[PDB]
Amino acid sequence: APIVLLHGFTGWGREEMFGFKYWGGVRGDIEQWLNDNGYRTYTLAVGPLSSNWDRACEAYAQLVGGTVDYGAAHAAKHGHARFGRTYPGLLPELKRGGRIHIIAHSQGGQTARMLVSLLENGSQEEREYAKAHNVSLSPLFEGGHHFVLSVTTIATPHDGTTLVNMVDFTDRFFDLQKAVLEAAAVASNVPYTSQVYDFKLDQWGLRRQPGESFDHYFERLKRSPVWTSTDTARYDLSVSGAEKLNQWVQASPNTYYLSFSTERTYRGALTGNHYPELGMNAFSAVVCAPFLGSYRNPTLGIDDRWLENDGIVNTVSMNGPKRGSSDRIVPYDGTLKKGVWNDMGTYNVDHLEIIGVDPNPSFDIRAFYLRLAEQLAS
């Protein structure tokens, strides 16, 4: 089965960002390493800020080909376009009984899980609405499709991240987007006339104008439904939103699930908080990690177990969905088990180091992805 790479709440296609890769960043090109070592690998690029639902509908069309269909019921409920972009299809073999391994980072792991759930079970709401209103139904919502062999998640907020609870989260989250642009040598205050980074917000009718800086565009997005509605990455990223997703997005017994967790902090002896390590990406170290390593909220069950983090996501959130979930999670024992989360361990690498967007010479990123690809091929 080929590997398909899937980004989180930042991420872009291989020709975007002047070729600086999300999967590899300053370290190289992970897809190229995998292909060069015999592991046939492709990359998806979906709306980074869009809901997991919208992203799963986009991923489906990107993989098999055709016009993105968000579901008549869903589009009506949230007030966005039902149909999106049209794709040629990266992998028409999936229409001929082929299967794929998905390797996903950050919120990509929520999207990958949801894509499996929709492939396997469809959506009863969409099936009923299509019957009631005499409209077409995407095959994604029928159920009985099985093309995902495995989902691997890396630093995924399966139970959310407490970052969303930060006082000025709206402004800091967009400053994070700017920090990632800067890592690619893309400035947030420059009036680019080429596309650079397409947020893929056709369903909401939003697009950056030529000559409009990312600073100015992001101020528009903050006030738009991709930030202010419940149909958003923002909603799904929160502890409450992730729990709601967990209530319906369950592990398929036909799919292998693997999780990798990340941590980049040390514990202070005096108040038990977690503090960022030397080498954490500067933005997380200064803006995000202090909060993540000290924020507790007893009424939500956010206790000391939540303080360890990788600069963006609480480490405890990453081994698999727990809150609101019935999925089982087991420590990897040398044999991958189907239908459950195989916890592949916790790595001392930060949220952006693990994809190479931030440097870390002590992390052999190439060996990490090659070892994972071997595990999936075996």
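In this text, residue numbers run from 1 along the sequence as written.
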**Prompt:** So 273-281 or 248-256, which one's hotter by mean CA B-factor in the entry?
**Reply:** 248-256
**Asked** If you average the Cα B factors in the entry, which is higher, 337-345 or 315-323?
**Response** 337-345
**Message:** Given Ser136, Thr162, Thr111, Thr265, identify the residue with the highest C-alpha B factor in the PDB entry.
**Reply:** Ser136
**Message:** Looking at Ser150, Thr228, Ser194, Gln107, which one carries the largest C-alpha B-factor according to the PDB entry?
**Reply:** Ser194
**Item:** Position of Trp204 among the chain's modelled residues by C-alpha B-factor, lowest, middle or highest third
**Value:** middle
**Request:** Give the position of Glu126 by CA B-factor within its chain, expressed as the lowest, middle or highest third.
**Result:** highest
**Request:** Among all modelled residues of this chain, ranked by Cα B factor, put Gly66 in the bottom, middle or top third, i.e. lowest, middle or highest.
**Result:** highest
**Request:** Using the B-factors in the PDB entry, rank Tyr60's C-alpha atom against the chain and give the third, lowest, middle or highest.
**Result:** middle
**Request:** Among all modelled residues of this chain, ranked by Cα B factor, put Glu142 in the bottom, middle or top third, i.e. lowest, middle or highest.
**Result:** highest
